[PDB]
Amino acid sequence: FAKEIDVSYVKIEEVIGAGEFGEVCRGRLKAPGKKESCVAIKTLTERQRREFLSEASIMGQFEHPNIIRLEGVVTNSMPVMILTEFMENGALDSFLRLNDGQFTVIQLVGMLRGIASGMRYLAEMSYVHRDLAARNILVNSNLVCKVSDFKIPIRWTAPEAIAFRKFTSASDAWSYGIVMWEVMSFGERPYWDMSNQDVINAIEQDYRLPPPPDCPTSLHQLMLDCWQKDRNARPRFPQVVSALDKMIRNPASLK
């Protein structure tokens, strides 16, 4: 691989989570020459090995401030590891639940613009994410949000992606809408109290999630635009970013 790193340059500290393929740790990465940095470390059939590491191969393609950075991989020895830049505030949904009502509308829009820029980048690189959700976005101490996570998540998924089991950047726009709703509701679960079948039923009857408490109308309307049934009518991510940039420069619109 590239970003291949010798395991001797890796200091594992606290276990912080439980992964599909094993433990996730906080630690430090000291490559000689380079400054020591802080990393999250995922540790691991050959099938499962190849799979585990595929996210490093995919993540290795990207460089953008709102896309999680691959700092390194260990594939020459055991355990196999994936090292990413450490994000101190964890997953966006739980971070917002912890801070319910405590960030301004401007701050929240900045988080959403960050995510939309990350997505604009992915779409530009013809990469379709398929599981864009607040739980798959990470947050650092400066509140910078980064897309992560490189069997259908029903409530985040566009109707046509559910119907055809095929995904596009326009289906990612739908998911982005759900993510806006999650942010402005401070990490409430989409369709709070509904089962998956209830949600699909609702969406087919043209039900849409309402404005979250205290949510400016301009933001909720952009959600509804991302949730247009015709996927061609949905804004592309350059347009999502432009629309958020307008609100930011005219922030009486965020009253």
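Take the two forms, superpose them, and find the largest set of C-alpha atoms that agree within 1.5 Å; that set is the rigid core. When you see a residue number, it is the position in the sequence shown, counting from 1.
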* Which of 110 to 118 and 160 to 168 lies farther, on average, from the shown form in 4 other deposited structures of this protein once the rigid core is superposed (C-alpha RMS)? -> 160 to 168
* Which stretch is more displaced from the shown form in 4 other deposited structures of this protein, 35 to 43 or 215 to 223, with RMS over structures and residues of Cα positions after a rigid core fit? -> 35 to 43
* Structure fact -> For the neighbouring pair residue 150 and residue 151, the stretch of deposited sequence with no coordinates amounts to 10 or more
* In the deposited sequence, how many residues between residue 44 and residue 45 have no modelled coordinates (none, 1 to 3, 4 to 9, 10 or more)? -> 4 to 9
* Structure fact -> Comparing 237 to 245 with 14 to 22, the higher average Cα temperature factor in the PDB entry belongs to 14 to 22
* From the list 224, 40, 67, 56, select the residue with the highest C-alpha B factor recorded in the entry. => 56
* To do: Comparing against every modelled residue in the chain, figure out the third that the C-alpha B-factor of residue 191 lands in (lowest, middle or highest).
  => middle
